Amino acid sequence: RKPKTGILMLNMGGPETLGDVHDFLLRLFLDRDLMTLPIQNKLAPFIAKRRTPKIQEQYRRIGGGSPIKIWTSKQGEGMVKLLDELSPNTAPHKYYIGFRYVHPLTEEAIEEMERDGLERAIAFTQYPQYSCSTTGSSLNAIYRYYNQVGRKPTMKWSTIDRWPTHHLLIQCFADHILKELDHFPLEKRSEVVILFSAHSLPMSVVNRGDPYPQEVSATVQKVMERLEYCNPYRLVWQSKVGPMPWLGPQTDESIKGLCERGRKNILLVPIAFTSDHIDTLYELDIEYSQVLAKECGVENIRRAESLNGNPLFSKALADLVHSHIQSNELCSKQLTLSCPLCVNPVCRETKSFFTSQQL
């Protein structure tokens, strides 16, 4: 039976093989929204050519590529299974992957959705916490696709642009934290200090009103409440690159710091993303828990499992979508407010594309 309701799962994406590395850097650097380069159409391809080795090396050290497609899919399948059962008048459901910077590209997936002749399309970001650099960008990609192509959308669109405190999302996190706690030696369970590590931002983006830091902060608190404050915590930020100021403290600096001060049992909890990817498999597990931790005198260091294939995250996804359909919401109230200091003419356009949709 032909697909009625499409769910576009948005994520930035990662290179699947080492061969996909160059074209991933290229799209990243060609993007005027993300970075502003002099002679951008000449520099981007050369900067990418030069950075490819450094980055292949990173995927090399985790086994040759990203797994976000495998997990994103596995999540998709469970979601659809559930929804067709939760919501028959909107069945059958299909999921589509819209990676921002690798195949299948956002623009490629939208192309398929229209082709399948769906009635309703739901843009569903896989970042629980909104940032203009992530979700903002995927949403812009959609507006741009229909502007680019110069035709109207043949489906009734909407978005779940954020959901940083979803009750089941909160649960999956708590369960993974708890069960990982049970893996620390009993004589240190109480001593365990928790570091919620989220992808950092450049200060210039923060200072502009990006809604991310407040939302990631919102999530941490909700999880800690469910844990009944069983251990102390901190929210720290990973992934700074280059000399400019970014939001702190730095996940690494914070690891070293605590070690120097005798807090040698650190559990790392990846709160800003739902699946494994480079930020956990290389940055946290290798460059931090392996080396760093070795040269700082660490005792135990562990990393709560990413949600990945946990069936409860499946439920979370179906629940969100289901409720979103039950509410007739077109986008969060939050999306209707662009960052107070936003330059970038397109943000308004996108916000209008979503609030203006038919029905």
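Each residue number is its position in the shown sequence, starting from 1.
Visitor: Looking only at CA atoms, which has the higher mean B factor in the entry: 247-255 or 122-130?
Guide: Per the PDB entry, the higher value belongs to 247-255.
Visitor: So, looking at the entry's B-factor column for Cα atoms, which has the higher mean, 195-203 or 111-119?
Guide: Looking at the recorded C-alpha B-factors, 111-119 comes out higher on average.
Visitor: Per the coordinate record, which of the options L312, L292, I70, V321 holds the highest CA temperature factor?
Guide: Across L312, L292, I70, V321, the entry lists the biggest C-alpha B-factor for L292.
Visitor: Out of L317, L307, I47, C331, which shows the largest CA B-factor listed in the entry?
Guide: Out of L317, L307, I47, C331, the record gives the largest C-alpha B-factor to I47.
Visitor: Looking at the entry's B-factor column for C-alpha atoms only, identify whether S87 ranks in the lowest, middle or highest third of its chain.
Guide: CA B-factor rank for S87: highest third.
Visitor: Ranked by Cα temperature factor within the chain, is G262 in the lowest third, the middle third or the highest third?
Guide: Middle third - that is where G262 ends up once the chain's C-alpha B-factors are sorted.
Visitor: Using the B-factors in the PDB entry, rank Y288's C-alpha atom against the chain and give the third, lowest, middle or highest.
Guide: Highest third of the chain for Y288's C-alpha B-factor.
Visitor: Among all modelled residues of this chain, ranked by Cα B factor, put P211 in the bottom, middle or top third, i.e. lowest, middle or highest.
Guide: Within its chain, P211 is a lowest-third residue by C-alpha B-factor, going by the deposited values.
Visitor: Which third of the chain does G242 land in by C-alpha B-factor: lowest, middle or highest?
Guide: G242: CA B-factor falls in the middle third of its chain.
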